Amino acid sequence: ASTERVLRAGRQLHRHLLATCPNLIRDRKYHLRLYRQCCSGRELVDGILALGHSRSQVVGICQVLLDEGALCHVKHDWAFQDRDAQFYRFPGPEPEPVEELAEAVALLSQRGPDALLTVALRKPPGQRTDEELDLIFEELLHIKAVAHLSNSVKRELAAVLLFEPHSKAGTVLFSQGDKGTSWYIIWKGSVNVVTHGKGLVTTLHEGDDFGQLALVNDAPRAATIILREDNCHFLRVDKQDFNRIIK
């Protein structure tokens, strides 16, 4: 969690919006509903652009603020909406009025693409827009484990790929001898490969994959997979999809 810096970055941005867009955060009436001291997502993005390269970048910045609590949706939704009908508030107490803004924009922009990729991934398979599938596809272009596959194939994987986050190191993902149900790509983190006979046989890092032996050979898992770091993030492909798309 880099939550503390996002917050102060958000706090820093929040100060320059009130100064540059004095009527961005106001009372609003939508469908005869009244929302106090809020802004629309679409106008929030607009205002961030007005400060002074792309809209998708700014959308990523907003997603990052929503994620770290530096921005909160009126209707408690987790995907940021670049829309007129969606309203957001800054939280925390009012900050003091107004290079620090520059580095606050950079820190937020650095995390934007991942924030937007996570939203696409958190969308269950079959409920992904072409734009979300577009984001997941471009990510597979950066994964060593699938580089030898065709774009058509990567596209198929994007359609069925499953997002599987974890938090604690030392978690046993599956054990030697278990029925093999799924293929795994390491988006973030690393894992230990442990066999009963030799102990730690190897370490896999971001961009590697594991768990195909059990699917390809119709056999029990040949090793225990243990999370080596905090916050491992996996892309998972279930057996049926793996077999249909990789056999």
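Start at 1 with the first residue shown and count on from there.
The gap between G52 and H53 holds 1 to 3 unmodelled residues of the deposited sequence. In this entry, no coordinate-free residues of the deposited sequence separate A79 from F80. Just going by the entry, 12-20 versus 231-239 on mean CA temperature factor gives the higher value to 12-20.
Checked against the record, the higher mean CA B factor of 168-176 and 111-119 lies with 111-119. The top Cα temperature factor in the record, among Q57, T195, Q37, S190, falls on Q37. Note on the listed residues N217, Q63, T202, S182: the highest Cα temperature factor in the record is that of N217. For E94, the recorded CA temperature factor ranks within the highest third of the chain's modelled residues. When the CA B factors of the chain's modelled residues are split into thirds, the value for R28 lands in the highest one. Looking at the C-alpha B-factors along this chain, the one for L135 belongs to the middle third. Sort the chain's modelled residues by C-alpha temperature factor and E156 lands in the lowest third, per the entry. Split the chain's modelled residues into thirds by C-alpha temperature factor. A102 is in the highest one.
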